[PDB]
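> Give the three-dimensional model of this entry:
(2 chains)
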Amino acid sequence: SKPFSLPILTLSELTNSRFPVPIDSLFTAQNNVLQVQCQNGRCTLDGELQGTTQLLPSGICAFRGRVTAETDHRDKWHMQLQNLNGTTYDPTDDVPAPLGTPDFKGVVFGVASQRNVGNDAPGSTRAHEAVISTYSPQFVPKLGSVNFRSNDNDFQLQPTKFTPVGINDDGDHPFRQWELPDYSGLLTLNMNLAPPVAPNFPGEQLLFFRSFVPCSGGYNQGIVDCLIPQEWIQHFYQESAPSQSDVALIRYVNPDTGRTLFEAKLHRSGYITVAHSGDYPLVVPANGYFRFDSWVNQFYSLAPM
Amino acid sequence: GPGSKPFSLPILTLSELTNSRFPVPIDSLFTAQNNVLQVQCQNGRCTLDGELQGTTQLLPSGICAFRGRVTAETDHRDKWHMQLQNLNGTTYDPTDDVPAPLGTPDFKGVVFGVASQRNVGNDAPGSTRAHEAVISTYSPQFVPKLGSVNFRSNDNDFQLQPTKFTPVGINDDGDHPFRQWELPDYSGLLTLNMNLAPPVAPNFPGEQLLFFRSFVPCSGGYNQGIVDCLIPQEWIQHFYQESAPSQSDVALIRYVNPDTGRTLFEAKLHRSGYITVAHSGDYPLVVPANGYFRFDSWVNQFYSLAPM
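Numbering: from 1, shown residues only, chains lettered A, B, ... in the order given. Take a look:
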């Protein structure tokens, strides 16, 4: 059978799978009652994509479609969604939302761009700053549309792309990276979600690949934690190696010295735990990377780090 | 002989591929009739056994991005002077054998996007701002090899603080045309570019370059946003991981429809990391949505491709 493996990539060679920026650091968080259930950056070790996860970093928190109405909501521009590859989005599909849809509560700011097709000035373009709030009642991507705000009113009912740049609070409504938006809007339930993940033992904590993304004013730190980086997801999808157990053993190695620095559990659902107690931002050598050593199980006792 | 790791391509459809010269998906395949223009792009350059070249790095998020600090507000058209770090935040060294910091744009024109800041130090640390910004590679202040570029903004809410530029699209620079095959002057006016990945061209009669084409966003006007890359970013990432030894200068690759099993056409994947096909004239390909290239065998410079 095809052997499981990790790609060989340093921290600065990795992309955040929940926002299209490089990984900045590794962080392990103290356990709490709040649920970790992100929908982007979800993939099993044998390469099954889950939630709203797709392969491209350019897909993450991006939208593609057409503006089909200009309204007088604060979120003025009504954007009917396609799939990111331009095919027609089907709301009855067994996904939470179109692949790449944001999986947090707050705003994503960026640029909405257009290129005309059809009889009305085909090939004419425009691009302006735009904001999408996932708190908005018009944020209904599962149903097939989202609305965006712009200070500019130079927009047409034409094919549209949204490129994310950063995140922020939505005025008084805080940026909450672990709170899912209501993909179908108010008074509806989310469906087809990737499951929540948690340590099976109190001495273990989730380990995150952490990014500090851009913010558009205020003092928000722009913290976006992902379970596994986008490149691991891409790698597992290509490889499709069969998982021999529920838990893979991985070691963080310094190639400069050859030393193993610490070990971790890489679970079959696609997340990592370490033996540690408390919030801890790791300090690791620049050339360090995770190495897959063996299939183990839940009853492996991780060396404390 | 000893064994060697087999060469391969990742299995990805066109819409599962990223342009290696601008951070957007591939839209189509295009083969161009030979013409007066020279192809010497610096992004999206990698050998088949995984050696990155030019200004090529691994992250799509790296492509046409900048990281550094705004160290001055000037009187240039490109007002804000941005001293560069490497994209991973380490200090940039102008004496390194690269054309410019990795990820630097490799075309003449404008990249528009957003410049963002987060303060450190004594002055309101942790405060942020982000605004539309434009960087022109025609600019005399575009001197990334020397360690800086300048950007424009209609907004003047910028500070001398850690700064990132996130690219969104391209355009012409006013009267100066967007030229994807013209390199910027990385060290500025009246200086020479160095350490470049080499020019690329068909060496065999009846053959043309095949491009992975994207139509990227533009910020007004009718520019088509056409950015062609020699190989998509995932192929580069794949070769970098695999490091499979090249058995030849030319790999024979075939475009396959997995639904039917049918081979649609064949192409030469040259060791330098570009593709040629047997065709005469400009030709926008029509291919099935599920199609992808498959590596079949190593051949040589005198292999004769079936016409497509």
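> residues in contact with the host helix or strand of residue A:265?
Assigning secondary structure by DSSP states H and E places residue A:265 in strand A:260-267. Under the criterion CB atoms under 8 Å, 6 or more residues apart in numbering or on different chains, residues A:45, A:197, A:204, A:207, A:246-254, A:272-274, A:284-285, A:288, A:290, A:292-293, A:296, A:298, A:300, A:302-303, A:305 lie in contact with strand A:260-267. No exception for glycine: its C-beta is placed from N, CA and C like everyone else's.
> Show only the entries of the residues you listed found in strands.
Residues from the contacts of strand A:260-267 lying in strands, with DSSP state E as the criterion: A:204, A:207, A:247-253, A:272-274, A:290, A:292-293, A:296.
> Can you say which two of these are spatially most distant?
Maximum pairwise distance among the ones in strands among the contacts of strand A:260-267 (CB to CB): 20.7 Å, between A:204 and A:253.
> and residue A:148, what are its bridge partners?
Residue A:148 has the following beta-bridge partners by DSSP bridges: residue A:77.
> which residues touch it?
Listed by CB under 8 Å, 6+ apart, the contact partners of residue A:148 are A:75, A:76, A:77, A:79, A:112, A:130, A:131, A:132, A:162.
> swap the cut-off to 6 Å and go again
Residues near residue A:148 by CB atoms under 6 Å, 6 or more residues apart in numbering or on different chains: A:77, A:112, A:130, A:132.
> correct me, but the third one touches residue A:151?
No - with contact defined as CB atoms under 6 Å, residue A:130 does not reach residue A:151; the gap is 9.1 Å.
> which of those two has more neighbours?
The neighbour comparison of residue A:130 against residue A:151 (other CB atoms under 10 Å in any protein chain shown) goes to residue A:130, with 27 against 8.
> how about the more buried one, what does it touch?
Contacts of residue A:130 (CB under 6 Å, 6+ apart): A:112, A:148, A:150.
> Next, count neighbours for the closest residue to it other than its chain neighbours.
Leaving aside its sequence neighbours, residue A:130 sits nearest to residue A:112 (CB to CB, 6 or more residues apart in numbering or on different chains; 3.7 Å). By other CB under 10 Å, 26 other residues sit near residue A:112.
> which of the ones in strands among the contacts of strand A:260-267 tops the neighbour count?
Neighbour counts for the ones in strands among the contacts of strand A:260-267 (other CB under 10 Å) peak at residue A:207, which has 27 neighbours.
> Just the buried residues of stretch A:209-227, please?
Neighbour counts using 16 or more other CB atoms under 10 Å in any protein chain shown place A:209-211, A:213-216, A:220, A:222, A:224-227 of stretch A:209-227 among the buried residues.
> OK, contacts around residue A:297?
Residue A:297 sits next to A:245, A:247 when contact means CB under 6 Å, 6+ apart.
> Now with 7 Å, please.
By CB atoms under 7 Å, 6 or more residues apart in numbering or on different chains, the contact set of residue A:297 is A:245, A:246, A:247.
> Same question for residue A:75.
By CB under 7 Å, 6+ apart, the contact set of residue A:75 is A:133, A:136, A:138, A:147, A:148, A:149.
> Residue A:180 too?
Here residue A:180 is in contact with A:37, A:39, A:103, A:190 (criterion: CB under 7 Å, 6+ apart).
> And for residue A:119?
Residue A:119 is in contact with no residue at all, counting by CB under 7 Å, 6+ apart.
> try the one 10 residues further on
For residue A:129, the set of contacting residues under the criterion of CB under 7 Å, 6+ apart consists of A:111, A:150, A:151, B:132.
> Repeat that for residue A:5.
Applying CB under 7 Å, 6+ apart, the residues near residue A:5 are A:239, A:292.
> can you rerun that using 8 Å?
A:235, A:239, A:241, A:292.
> Among these, which are located in helices?
Those of the contacts of residue A:5 mapping onto helices are A:235, A:239, per DSSP state H.
> what's the closest of the contacts of residue A:5 to chain B?
residue A:235 (7.8 Å; CB to the nearest CB).
> tally of neighbours for the closest one?
Around residue A:235 there are 23 residues (other CB under 10 Å).
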